[PDB]
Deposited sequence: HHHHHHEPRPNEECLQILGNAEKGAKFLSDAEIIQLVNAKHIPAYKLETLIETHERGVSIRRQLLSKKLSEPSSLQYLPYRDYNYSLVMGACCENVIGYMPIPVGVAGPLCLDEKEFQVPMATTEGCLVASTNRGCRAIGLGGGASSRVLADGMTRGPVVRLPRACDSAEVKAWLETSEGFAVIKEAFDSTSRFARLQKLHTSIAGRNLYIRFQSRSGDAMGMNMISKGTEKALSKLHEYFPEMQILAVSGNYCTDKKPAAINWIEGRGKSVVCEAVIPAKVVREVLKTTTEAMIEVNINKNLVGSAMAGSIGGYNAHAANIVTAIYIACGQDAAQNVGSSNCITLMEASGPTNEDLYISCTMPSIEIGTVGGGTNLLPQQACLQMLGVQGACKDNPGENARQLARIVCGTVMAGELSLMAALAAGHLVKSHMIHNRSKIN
């Protein structure tokens, strides 16, 4: 069929208001079609496309594909975290970011490593529904807060998927609007599609108890996904994580080129007081977003979720016998992450997840790989904070 025709002939068919056997050739024909629309048709020539595995992308990750975009990958490590060592991949185009993070890892190792805990775990979706009156929506809130009501909604939610196990609901009324925050774990997936599916069946079960309920939108911005929101900061979303380390005064002096006292002064007055004066919600850190974004791109995460995933408070205190050692912690309540699905289905992204030993599903304990990646992100963010803050204090 299509293999017998030439390139010029197939394009003659597309323009004349009228499939291909190989994926790479389809990408080439789309480049040639697109070339005819651009003022500089030669602009595509250094946008690569050859010898990429497009089979895992089509009908899954991207449409109208004209190639790919190489992002340089560097390694910050070893990062000593919970008695293990990690070579952390970081996809960035910002010079010195990997080298800065790498120095932070070095300081943590010489202080006996970092320790981390996951505090909560559950992806969310926050639909908006409407009832005729605010009194009716008040009735639905009261019903959802009974043990009986939650149990039928939990049963509906949990019937849609293996890992769909519903946790406590959170709700808000705004007049006759009702926002309902469904939270659940999702194995090792980030869990978006899984929770929306459970939400749809849970909402249709709610509709049987309340036939006059309109489902306005499956997302009413109460999740909250990919926008800044105090609800992710206060309630969490995905993995809530804490990480810490104590850096000996010697190691702060020799590696970090500053003092424990000077680090505390900059952290308080930049990360707390400065972020406060700027009107920040959840942005009490130096540059967590650099690290999160770099790891996310390299590891097949949804990079748009750095909006909320970068939420972080970095604290720095005096520590030890002479009060000269630096205690550091980062607390990140809303790390949105996964080791299956999305961009983690592609081979290059999996290579970076394999480096960290978290690629794919953890079969013995569903969800444990994604949990480990969240811990790795929090630890690497703390390395980034340690290093950049030291540079800022030393005052270059």
| item | value |
| --- | --- |
| In sequence order, the deposited-sequence ranges that have no modelled C-alpha atom | 1 to 23, 42 to 49, 428 to 441 |
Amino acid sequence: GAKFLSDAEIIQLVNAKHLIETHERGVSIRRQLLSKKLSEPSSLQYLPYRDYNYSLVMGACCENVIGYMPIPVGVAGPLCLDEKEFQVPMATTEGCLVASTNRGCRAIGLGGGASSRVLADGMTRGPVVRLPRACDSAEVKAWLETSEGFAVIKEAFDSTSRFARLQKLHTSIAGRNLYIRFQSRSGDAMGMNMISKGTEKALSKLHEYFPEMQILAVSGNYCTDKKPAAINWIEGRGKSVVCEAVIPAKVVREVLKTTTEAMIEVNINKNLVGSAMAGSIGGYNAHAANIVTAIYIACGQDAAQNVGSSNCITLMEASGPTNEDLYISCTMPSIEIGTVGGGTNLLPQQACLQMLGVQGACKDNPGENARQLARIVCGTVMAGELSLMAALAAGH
From here on, numbers count along this sequence of modelled residues.
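Only the largest set of C-alpha atoms that superpose within 1.5 Å between the two forms is called the rigid core.
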query	finding
Which of 159 to 167 and 263 to 271 strays further in 7 other deposited structures of this protein - Cα RMS after rigid core alignment	159 to 167
Residue stretch of maximal mean CA temperature factor, 245 to 253 vs 229 to 237	245 to 253
Between 46 to 54 and 336 to 344 (mean CA B-factor, as deposited), the higher	46 to 54
Candidate residues 328, 370, 27, 351, the one whose C-alpha B factor the record puts highest	27
Options 117, 125, 270, 165 - largest CA temperature factor per the record	165
Chain-wide C-alpha B factor ranking for residue 106, given as lowest, middle or highest third	middle
Cα B factor band for residue 189 (lowest, middle or highest third within the chain)	middle
Record-listed C-alpha B factor of residue 283: chain third	lowest
Lowest, middle or highest third - CA B-factor, residue 310	lowest
Chain thirds of CA B-factor: placement of residue 300	lowest
